[PDB]
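One structure below.
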Amino acid sequence: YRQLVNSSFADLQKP
Amino acid sequence: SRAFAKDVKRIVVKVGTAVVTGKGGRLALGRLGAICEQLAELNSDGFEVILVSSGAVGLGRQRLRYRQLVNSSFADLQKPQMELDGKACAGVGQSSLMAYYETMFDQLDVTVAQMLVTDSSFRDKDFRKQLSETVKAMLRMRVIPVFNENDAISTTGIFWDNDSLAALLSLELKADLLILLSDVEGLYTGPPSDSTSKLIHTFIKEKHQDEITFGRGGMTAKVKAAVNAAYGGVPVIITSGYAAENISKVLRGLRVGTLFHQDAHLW
Amino acid sequence: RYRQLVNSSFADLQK
Amino acid sequence: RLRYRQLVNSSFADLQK
Ligand SMILES: Nc1ncnc2c1ncn2[C@@H]1O[C@H](COP(=O)(O)OP(=O)(O)O)[C@@H](O)[C@H]1O
Ligand SMILES: N[C@H](CCC(=O)OP(=O)(O)O)C(=O)O
């Protein structure tokens with residue numbers, strides 16, 4: 001979750 | 001009164017900011033497509049078309065903002081977000097708009113070329129002739145130029161905005177008409193919001209000039225550019241940019257828009 | 001608002 | 001393309017799950 005909150009939408013696109 | 005249509009060959013048309021961008025800053029697809037189609041059919045007929053477009057800044061905001069949101073931490077997407085630099089926007093929006101124009105005109109069998117001139121380089125002497133030579137050659141080649149003020153690199157008391165660019169350009173090119181395509185359907189005796197005004201067919205000084213309300217631009221600059229463009233040749237016409245057929249009926253001799261003619265005292 | 005943030009979609013963050 | 005569209009239209013929490 002911390003990852004999901006300090007990450008950039010683009011990052012979500014990359015595994 | 002509008003009788004020059006039997007002579008007009010070289011035409012300069014300007015599309016403002018509220019004619020190219022609709023909702024959200026994206027392109028107004030139908031409006032731009034219709035205007036491009038009419039310009040293409042005008043070019044095919046034999047007229048020489050000069051285009052001075054605008055609206056790159058909005059496209060700018062759009063794509064740049066998107067990129068912002070794309071590369072921004074989810075939580076960080078709530079904290080204050082910087083405002084996109086005006087110059088930075090221009091550098092993206094001009095490219096986007098020029099590419100869209102190129103694709104439409106390649107679909108419409110017309111070839112266009114990019115021509116960016118900064119307004120502070122117009123005091124030079126060699127440019128005064130080089131611009132006239134290059135535009136003459138490209139018009140003889142049946143190629144529609146798309147002039148625009150270069151905002152990516154540049155440097156108020158004086159407003160030398162897009163209207164001034166179009167006016168002084170048509171002063172240089174020795175054109176015939178400088179059509180000002182805008183959201184409104186012409187001049188008005190005050191704001192168009194209320195119902196105590198009237199559409200003005202012809203612009204005579206000592207009947208409407210210092211008797212009407214004039215308000216990065218606005219009609220307080222539109223009128224000041226149009227008067228200077230008018231005196232020195234080149235009658236100008238202001239017409240609504242929404243209507244797709246407006247150019248045709250303007251050039252067919254019909255009575256559409258407002259005239260700023262140097263010999264308007266006769267009419 | 002963070003609660004709302006979590007609910008919204010990147011699409012919505014825009015507009 | 002479809003994955004991009006799915007990610008563009010999803011809830012943060014959904015992105016988590
Ligand atoms: N007679 C008038 N007096 C004052 N304001 C006017 C008058 N007629 C129109 N306006 C307003 O001024 C604005 C001028 O827009 P315009 O300068 O043509 O395009 P842009 O500002 O988007 O480049 C219009 O949106 C219109 O609402
Ligand atoms: N590049 C844009 C062109 C748009 C524009 O100039 O319209 P105007 O300020 O004359 O109403 C700008 O300089 O603001």
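Within each chain, counting starts at residue 1; across the structure tokens, chains are named A, B, ... in the order shown, with ligands numbered 1 upward in that order.
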
inquiry  = Would you mind listing, as a PyMOL selection string, all residues of chain A that have at least one atom within 12 Å of chain C, where only C-alpha atoms are what counts?
reply    = chain A and resi 1+4-5+8-10+12-13

request  = Let me have all residues with an atom within 8 Å of ligand 1, counting only C-alpha atoms and all ligand atoms, laid out as a PyMOL selection string.
outcome  = chain B and resi 16-19+181-184+186-193+212-222

task = Show me which bits of chain B are within 12 Å of chain D, counting only C-alpha atoms, as a list in words.
result =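 That gives residues 66, 69, 70, 73, 74, 75 and 77 of chain B for chain B.
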
inquiry  = One number please: atom CA of residue 259 of chain B to atom CA of residue 172 of chain B, in Å, one decimal.
reply    = 20.4 Å

ask   = If we count only C-alpha atoms, what is near residue 235 of chain B at a cut-off of 8 Å, once residues fewer than 2 positions away on the same chain are taken out, given as a PyMOL selection string?
value = chain B and resi 176-178+229-230+233+237+259-262

Give me a file of those residues, with C-alpha atoms, as a PDB file, in the first residue's frame.
ATOM      1  CA  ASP B 176      -7.177  41.969 -50.359  1.00  0.00           C
ATOM      2  CA  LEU B 177      -9.195  40.831 -47.316  1.00  0.00           C
ATOM      3  CA  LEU B 178      -8.172  40.048 -43.744  1.00  0.00           C
ATOM      4  CA  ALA B 229      -5.296  47.205 -41.185  1.00  0.00           C
ATOM      5  CA  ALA B 230      -8.134  48.987 -43.001  1.00  0.00           C
ATOM      6  CA  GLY B 233      -5.857  49.038 -48.113  1.00  0.00           C
ATOM      7  CA  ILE B 237     -14.465  41.520 -42.268  1.00  0.00           C
ATOM      8  CA  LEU B 259     -16.730  46.132 -42.880  1.00  0.00           C
ATOM      9  CA  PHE B 260     -13.776  48.337 -41.962  1.00  0.00           C
ATOM     10  CA  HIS B 261     -13.209  50.018 -45.327  1.00  0.00           C
ATOM     11  CA  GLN B 262     -11.032  53.066 -45.921  1.00  0.00           C
TER      12      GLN B 262
END

Filtered DSSP result for chain A, state alpha helix (DSSP H), as number ranges by chain = A: 2-5, 9-13

ask   = In Å, with one decimal, what is the gap from atom CA of residue 170 of chain B to atom CA of residue 211 of chain B?
value =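 These atoms are spaced 27.9 Å apart.
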